[PDB]
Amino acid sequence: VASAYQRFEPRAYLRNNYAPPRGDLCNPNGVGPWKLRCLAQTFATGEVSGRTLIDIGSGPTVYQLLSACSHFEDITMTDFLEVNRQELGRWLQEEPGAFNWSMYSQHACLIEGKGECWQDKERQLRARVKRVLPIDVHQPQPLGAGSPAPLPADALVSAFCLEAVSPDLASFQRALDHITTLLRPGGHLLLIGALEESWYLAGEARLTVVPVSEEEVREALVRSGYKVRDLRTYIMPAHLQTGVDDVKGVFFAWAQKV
């Protein structure tokens, strides 16, 4: 795995999953609106709050934190690759060539229904993101020892990471335990991932994925000592099946550490 990700191309990844058609948020039945809606509805309950939040395996994306940013003042973004942390930086600093997340910011504002302009939303996200750290979910201590990230975190967010970096279920379970050590007791985990997928492309890189089911995800969460508050499934429509992968569905889980 670690070897495969060496050819991971952030620009090709973003283009494959966050540019039209999947990146076309106008159709409410798409995977993007669905993910944003799951994240928005969860935070809207007001039951997921605190001071610090860690995003596990952020890669070069920020959509997963658009609704979250208004509930946590200290946000930590992370990733295995330096190239991704660099791409993130370009957007956080508003540097040349940053990826345009404005459509997602606008829809998150639309979905949240607080009449917030998307520039304010992006402003808050850039402000509350205090650091982009390297990470390895396979190490018992993902962030290492003595990381600037406040621990234990109040909340964790991770999208398309674990299943995309573990050769099989077992590795998936350990990686889950590994990041859970970063979550404060009683804390919350918002996990999004691919269902029954086995590979996806990112430029020259061809990544293996462990095909997981909703039950396998639920059981793994429980085994890690979580209380599954909510677990949803989104079936990938034919129109969003483009050749960049073989994903069948997408899952969203809101688990609380007990």
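Heads up: residue numbers just count along the shown sequence, starting at 1. Each form is matched to the other, and the largest set of C-alpha atoms that superpose within 1.5 Å is called the rigid core.
Each structure in 9 other deposited structures of this protein is fitted to the shown form on the rigid core, and of 220-228 and 202-210 the C-alphas lie farther away on average for 202-210.
The rigid core fit leaves 96-104 as the farther-lying stretch in 9 other deposited structures of this protein, judged by Cα positions and set against 96-104 and 156-164. Comparing 140-148 with 67-75, the higher mean C-alpha B-factor in the PDB entry belongs to 140-148.
Remark: stretch with higher mean C-alpha B factor among 29-37 and 44-52 is 44-52. Remark: residue 104 belongs to the lowest third of its chain, ranked by C-alpha B-factor as recorded.
Placement of the Cα temperature factor of residue 255 within the chain: middle third of the modelled residues, per the deposited record.
Among all modelled residues in its chain, residue 95 ranks in the highest third by Cα B-factor. When the CA B factors of the chain's modelled residues are split into thirds, the value for residue 193 lands in the lowest one. Ranked against the other modelled residues of its chain, the C-alpha B-factor of residue 160 as given in the entry falls in the lowest third.
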